[PDB]
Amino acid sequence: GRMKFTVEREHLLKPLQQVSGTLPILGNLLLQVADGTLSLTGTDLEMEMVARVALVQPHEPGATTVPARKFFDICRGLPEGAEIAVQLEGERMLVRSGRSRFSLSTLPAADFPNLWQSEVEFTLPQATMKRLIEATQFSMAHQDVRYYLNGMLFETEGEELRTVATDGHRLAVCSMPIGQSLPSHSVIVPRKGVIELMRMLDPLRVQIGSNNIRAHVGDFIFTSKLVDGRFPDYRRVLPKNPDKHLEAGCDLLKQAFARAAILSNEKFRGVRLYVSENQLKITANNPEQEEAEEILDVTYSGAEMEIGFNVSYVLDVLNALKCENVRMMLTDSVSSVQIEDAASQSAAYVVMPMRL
């Protein structure tokens, strides 16, 4: 006999949805029945997602590949509570439920691609991984010719896991304690791998390999290739001795930049900051000679200074911080700023100014 199983819709649905997230067989899921378990695997040849579903009902071992989006859409479209029977009939997979029948094309399991050497392993809460990624994801490059910038650095150091992302105009770094003594390792996860890892974080075990990373979450296993290349060292990017410290409420500062942005140049998005004793003035103008001005009370006792920024990059940081008060650490008008939560040093943001 060939592969056969019967499974409740609600046992199949979420696993199918997650693995279903080019070439014909790469649009298929590998389905394998073995030892009381249905395994479902999806891949794009660089990363892979595997789900395991316990089989409560009688089944027969075997394997096939079947179109992933069609099979998911069929199962989702069946009524709540439906039992779904699957068997193989020649070159098709027959799906039956109630008086519904679906015959899907298959390709042989033996033709489905398969990937491994592990080097560091640790466990951490899903919320911690999510914080690390959300703190830095927005600063990754998009289609930069420097391929290693299109992803995210994951680094272990001491008892901490760290993420770094940069596109050359801004950088984000976030570190969190893991409570385990870790070897030093730093790998680049491609953008699409970062996105897939986030989709799973609904503890987590991570294995970092030579050329791949693997995440175990519940009954799922995700694997991604790593990016070659030398990622920038964030320690060299942080401003060395930023002597001028401004503190402001995060909501009020963000709201002010967001209003000023309305009258900034649509292409270049430049705003001007004038810092003076306990005061920040933000101005914007555009080619139509329209002008915005915002004045805010802040905590600041340094020299007066004027510095320009792409307001989108500033708003991106303030939206990622989600805190009560922010600290901006300045040096001069042609040097980057460091921005951080006034109450936490777990994340830091570096933004290059524009020339005025």
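What we label the rigid core is the largest C-alpha set whose atoms superpose within 1.5 Å from one form to the other. Residue numbers here begin at 1 and follow the sequence given.
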When the core is superposed, where do the C-alphas shift more in 8 other deposited structures of this protein: in 261-269 or in 175-183?
261-269
Between 248-256 and 189-197, the one drifting more in C-alpha RMS in 8 other deposited structures of this protein once the core is aligned is 248-256
Does the entry skip any residues of the deposited sequence between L115 and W116, and if so, is it 1 to 3, 4 to 9, or 10 or more, or none at all?
1 to 3
Of the deposited residues between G21 and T22, the number without coordinates is 4 to 9
Is the mean CA B factor in the deposited entry higher across 282-290 or across 210-218?
210-218
On mean Cα temperature factor in this entry, is 193-201 or 256-264 the higher one?
193-201
Reading the B-factor column of the entry, which of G98, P79, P108, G270 has the highest value at its C-alpha atom?
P108
Go through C250, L226, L246, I133 one by one and give the residue whose Cα B-factor in the PDB entry is largest.
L226
Quick tally, chain-level thirds of C-alpha B-factors: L182 sits in the highest
Cα B factor band for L318 (lowest, middle or highest third within the chain):
middle
Based on the deposited C-alpha B factors for this chain, I'd like to know if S336 is in the lowest, middle or highest third.
lowest
So where's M140 on the chain's Cα temperature factor ranking, which third?
middle
Divide the modelled residues of the chain into thirds by Cα B-factor and specify which third, lowest, middle or highest, holds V33.
middle
